[PDB]
Amino acid sequence: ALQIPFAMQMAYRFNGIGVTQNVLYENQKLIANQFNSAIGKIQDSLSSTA
Amino acid sequence: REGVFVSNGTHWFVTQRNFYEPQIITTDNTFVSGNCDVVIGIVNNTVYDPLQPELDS
Amino acid sequence: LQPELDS
Ligand SMILES: *[C@@H]1O[C@H](CO)[C@@H](O)[C@H](O)[C@H]1NC(C)=O
Ligand SMILES: *[C@@H]1O[C@H](CO)[C@@H](O)[C@H](O)[C@H]1NC(C)=O
């Protein structure tokens, strides 16, 4: 296992889908809010819908 | 443009991820996007330009 | 190169 800063890991996930990594760093706060909100919706889905 | 910016503290370099191969940081192995304010954790170092000494010659 | 080629 090689440690890497998590934002840079997401940058290389983005290059893995042809989105140029500057698109991540120019939007990082927005992406973090979307990701945190999306995980939140899973808890409501599982809590409501057994 | 490919790989990672890395430093031994005394210098800055770029390499591909899967094997250490330090190269100087340049207008050829980098691309610009916008002003510095937006990027979290950005740093200051002189990006070299291979054309410059040739315009000086 | 076009704007740089003043040299
Ligand atoms: C990085 O983490 C250190 C503590 O480990 C902290 O002092 C510093 O402000 C952090 N910088 C960024 C850009 O997160
Ligand atoms: C980077 O350089 C600029 C201009 O010299 C300076 O304003 C800025 O404070 C520097 N960055 C840091 C982290 O100090």
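Everything below is about the structure shown above.
Enquirer: Describe the interface of chain A and chain B, listing the residues and the values that go with them.
Expert: Opposite the eight residues of chain A that make contact, chain B presents eight residues. Buried area between chain A and chain B, summed over both chains or domains, comes out near 750 Å², and the portion from carbon and sulfur atoms is 65%. Its largest share of buried area at the contact with chain B, chain A owes to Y12, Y25 and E26 of chain A, together 51% of the area lost on that side. Elements with a minimum of two residues in the side of chain A that touches chain B: α1 (6–15), α2 (22–25) and α3 (28–48) of chain A. A class-by-class count of the residues in the side of chain A that touches chain B yields three nonpolar, three polar and two charged.

Enquirer: Summarise the environment of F14 of chain A; cite the residues concerned and give the values.
Expert: Residues and elements named next belong to chain A. Following the sequence through the fold, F14 ends up in helix α1. Taking the C-alpha atoms as reference, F14 lies 33 Å from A50; in sequence the two are 36 residues apart. Setting aside residues no more than four positions away along its own chain, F14 makes contact with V19, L24 and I31.

Rules of the game
Sequence-order numbering is used: residues on each chain count from 1 as written, possibly diverging from the entry numbering, and only residues with coordinates are shown. In the order they appear in the text, chains get letters beginning with A and ligands get numbers beginning with 1. Bear in mind that the chains are drawn from a larger assembly and that all values refer to what is shown. In computing side-chain values, all of the structure's heavy atoms are included and hydrogens and water are not. Should any heavy atoms of two residues lie within 4.5 Å, those residues are counted as being in contact. Buried area is understood as the total, over both parts, of accessible area removed when two parts are fitted together, assessed with a 1.4 Å probe. In this description a helix means any DSSP run of H or I spanning at least four residues, a strand means any run of E spanning at least two, and both kinds are numbered starting from the N terminus. Any residue outside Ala, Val, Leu, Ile, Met, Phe, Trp, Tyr, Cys, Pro, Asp, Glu, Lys and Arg is labelled polar, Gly included; the first ten of those are nonpolar and the last four are charged.

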